[PDB]
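A short write-up of the structure that comes next.
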Amino acid sequence: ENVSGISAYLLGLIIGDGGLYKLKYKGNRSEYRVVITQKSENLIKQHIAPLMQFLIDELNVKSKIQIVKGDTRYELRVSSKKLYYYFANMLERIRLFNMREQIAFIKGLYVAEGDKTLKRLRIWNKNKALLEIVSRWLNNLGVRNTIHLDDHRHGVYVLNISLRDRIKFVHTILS
DNA sequence: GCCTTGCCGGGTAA
DNA sequence: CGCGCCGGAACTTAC
DNA sequence: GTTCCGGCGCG
DNA sequence: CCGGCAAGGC
Ligand SMILES: [Mn+2]
Ligand SMILES: [Mn+2]
Ligand SMILES: [Mn+2]
Ligand SMILES: [Mn+2]
């Protein structure tokens, strides 16, 4: 119940700023990766990491939270077939999220992909379907919004949250 | 004259 | 033999 | 954000 | 993602 909320949030960080990777190496080795990337050293070590750790403990995943420093970004990485299938199986069921999970996921996605100036309230992604699902969630939460193709260079869509519901959006989802 | 939201280009944080 | 956890990091582009 | 590399370890 | 701009509704 409370793992599901933290799970939906992390999944928001993952879909937005990360990935679920099933790799086949030379040969025939394999690896399963759960990844969140972020520029802010602080956000990843003091906020995201401890949340991933709770989840890991709670699932008895005996893998380690790895934090790899790259030049443009920090990468939080858990190398684990179990955690991989945990998030992937949850992603499969995204349409069945309850309110707690919807809210947590949107918060995760916004932290990852959102307009963080909060001047406007916007979310970016190539995945129109994902944005459509979030859009319905926002509507049933009283947050009006529209989706259109924003960047023709890269087929990136944007979900714009109406400034008319700025407050309902900011306190319900982001807080 | 003001507010909201679609348009679109730059380049950094994915 | 086939397969799953570490530790980087070069590489491209979607935010 | 994605996928290479060479490492070690399992039965 | 950011952020200037302008079309258009009030
Ligand atoms: Mn993304
Ligand atoms: Mn992103
Ligand atoms: Mn236990
Ligand atoms: Mn981000």
Side-chain angles (χ1 to χ4, degrees), chain A residues 9-45 47-49 52-53 55-57 59-89 91 105-132 134-135 138-139 142-170 173-174:
Chain A
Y9 177 74
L10 296 163
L11 185 66
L13 294 186
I14 296 166
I15 291 294
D17 278 354
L20 295 177
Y21 304 111
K22 193 179 184 298
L23 305 313
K24 228 86 173 180
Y25 302 135
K26 247 158 42 181
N28 281 132
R29 302 173 297 127
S30 71
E31 196 181 355
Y32 304 73
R33 285 185 181 177
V34 173
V35 169
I36 290 159
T37 70
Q38 199 75 182
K39 186 183 187 61
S40 171
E41 180 172 37
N42 205 80
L43 184 68
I44 261 186
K45 293 178 165 181
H47 181 66
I48 302 170
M52 188 64 84
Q53 186 63 61
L55 175 56
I56 278 178
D57 296 343
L59 297 179
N60 296 113
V61 164
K62 295 315 282 162
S63 293
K64 198 191 69 163
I65 295 176
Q66 298 177 59
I67 305 192
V68 176
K69 199 231 203 41
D71 273 16
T72 56
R73 64 190 188 34
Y74 282 90
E75 163 189 11
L76 179 145
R77 176 201 300 157
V78 181
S79 192
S80 162
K81 187 182 187 172
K82 184 173 181 146
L83 193 67
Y84 173 90
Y85 276 117
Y86 179 78
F87 287 112
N89 291 340
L91 174 54
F105 181 82
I106 299 175
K107 199 214 175 332
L109 194 67
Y110 201 97
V111 179
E113 308 288 59
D115 193 324
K116 281 175 266 295
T117 77
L118 294 191
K119 285 191 189 158
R120 296 133 111 168
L121 300 170
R122 302 182 290 180
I123 303 176
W124 291 274
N125 218 269
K126 291 179 73 156
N127 197 330
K128 189 177 192 178
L130 168 77
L131 292 194
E132 282 166 354
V134 163
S135 179
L138 289 173
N139 273 328
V143 182
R144 285 159 297 182
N145 66 87
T146 65
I147 295 172
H148 73 95
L149 185 77
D150 186 44
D151 179 356
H152 287 72
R153 298 161 298 174
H154 293 90
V156 180
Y157 287 80
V158 66
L159 180 163
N160 190 64
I161 286 141
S162 181
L163 285 185
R164 291 175 295 182
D165 299 336
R166 174 197 267 104
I167 302 179
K168 177 141 55 185
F169 176 71
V170 170
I173 291 287
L174 292 188

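Every heavy atom of this structure was used, including side-chain atoms; hydrogens, water molecules and symmetry mates were not. Residue numbering restarts at 1 for every chain, and letters A, B, ... go by the order of the sequence lines.
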Taking the side chain of [X] as heavy atoms from C-beta outward, which of [options] is closest to it?
X: A:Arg29; options: D:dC8, B:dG6, E:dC1; result: D:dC8
X: A:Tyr21; options: C:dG4, E:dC2, D:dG1; result: D:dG1
X: A:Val156; options: C:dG4, E:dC2, C:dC15; result: C:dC15
X: A:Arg122; options: D:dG7, D:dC5, B:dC7; result: B:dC7
X: A:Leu163; options: B:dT4, B:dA14, E:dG3; result: B:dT4

Report yes if a donor N or O on one partner sits less than 3.5 Å from an acceptor N or O on the other, where the partners are the side chain of A:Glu31 and the base of C:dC3; otherwise report no. no
Quick one: does A:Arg77 reach the base of D:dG1 with a side-chain donor-acceptor pair under 3.5 Å? no
Do side-chain atoms of A:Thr37 reach the backbone of A:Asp17 as a donor and acceptor pair under 3.5 angstrom? yes
Does A:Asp71 reach a base, just sugar-phosphate, or nothing at all? Heavy atoms under 4.0 Å. nothing
Classify the ring geometry of A:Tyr32 against A:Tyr85: parallel below 30°, tilted from 30° to 60°, perpendicular beyond 60°. tilted
Can you check whether A:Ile147 reaches A:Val158 side chain to side chain, under 4.5 Å on heavy atoms? no
Can a salt bridge be assigned to the pair A:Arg33 and A:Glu31 using a cut-off of 4.0 Å between side-chain N and carboxylate O? yes
